[PDB]
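Presented below, as structure tokens, is a lone chain in the form solved without the partner chain.
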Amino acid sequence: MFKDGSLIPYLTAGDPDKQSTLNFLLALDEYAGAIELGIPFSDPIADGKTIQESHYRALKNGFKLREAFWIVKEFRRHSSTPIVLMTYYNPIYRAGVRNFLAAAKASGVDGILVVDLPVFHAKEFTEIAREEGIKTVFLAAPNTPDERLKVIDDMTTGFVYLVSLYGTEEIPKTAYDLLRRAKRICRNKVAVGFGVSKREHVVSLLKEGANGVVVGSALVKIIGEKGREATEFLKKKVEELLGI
């Protein structure tokens, strides 16, 4: 869904408020190959400490599911940058799959990533997403075996998202191994969320085959601290990560 060498920012919708999220997106668009917008959830057990805290902040300040669509809709007036909605299954399930996907598309979403999609509902979900014009983005971690990477690549219409819960401040060998295995198996492009926080991380991951590099924690940490005034500091962090 994005150009090779793309830096993909991840932000939590409604952290601290939907308006600020929109401001952050606009300020970062010029550096983004694509964007991941996260829907805060009560139990984001698949995320690292930093991003889990952003979900808590968002919900505390009263984030409502469809406020996410508001953010996308408004962003769309100024940009065509690919947007992937990231969420846990619960919200989708409670709102109705097709309903959610349809509402996602209408707002301007291009792809969706369901962090904990129950394998049981995999097939049904992919079919609906296709029918609704939403590309699928599936996640894989260092403990995902080659057999499953293949099954994931064959269901993916957006791109494979490789994550590492390890943290760092070096990228763990097991993260690199995941990347190495994925490139040897995936026809789809792959983006990596290994918690980059330094310029060498980005330069290295791209050199090792990552089609795109996600930048989430590094940005969220600044938003948890700076709040609405995170904008300017975000622009500098991305600039640093891009060597400019």
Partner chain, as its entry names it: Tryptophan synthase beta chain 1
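Residue numbers count along the first chain shown, from 1.
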key: Interresidue gap class [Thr157, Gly158; deposited sequence, unmodelled]   = none
request  = Output the stretch having the higher mean C-alpha B factor in the entry; the candidates are 195-203 and 66-74.
outcome  = 66-74
note = Once average C-alpha B-factors are taken from the entry for 185-193 and 35-43, the winner is 35-43
inquiry  = Sorting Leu139, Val151, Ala95, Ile134 by Cα temperature factor from the record, which one lands on top?
reply    = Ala95
message = Comparing recorded Cα B-factors across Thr81, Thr174, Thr144, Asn99, which one is largest?
response = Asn99
key: Modelled-residue ranking by C-alpha temperature factor, third containing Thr231   = highest
query = Within this chain, which third does the Cα B-factor at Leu241 fall in: lowest, middle or highest?
reply = middle
key: Ranked C-alpha temperature factor of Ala58 among modelled chain residues, by third   = highest
request  = Taking the values exactly as deposited, rank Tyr88 by C-alpha B-factor within its chain and report the matching third: lowest, middle or highest.
outcome  = middle
request  = State the tercile, meaning the lowest, middle or highest third, of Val114 with respect to the CA B-factors recorded for its chain.
outcome  = middle
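The form deposited with the partner chain bound exists for this protein as well; it is not shown, and the discussion that follows is about that form.
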message = So, a 4.5 angstroms cut-off on heavy atom distances: do all three of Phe41, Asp47 and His121 pass it with respect to the partner chain in the deposited complex?
response = yes
task = From the candidate stretches 29-37, 206-214, 57-65, 182-190, select the single one in contact with the partner chain in the deposited complex, where contact means a heavy atom within 4.5 Å.
result = 57-65
message = Although the partner isn't part of this model, could you tell me whether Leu117 comes within 4.5 Å of the partner chain in the deposited complex, counting any heavy atom of the residue?
response = yes
key: Contact flag, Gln52 vs the partner chain in the deposited complex, heavy atom cut 4.5 Å   = yes
ask   = Even though the partner chain is not shown here, does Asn99 get within 4.5 Å of it in the deposited complex, heavy atoms only?
value = no
request  = Evaluate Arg77 for contact with the partner chain in the deposited complex, applying a 4.5 angstroms cut-off between non-hydrogen atoms, and reply yes or no.
outcome  = no
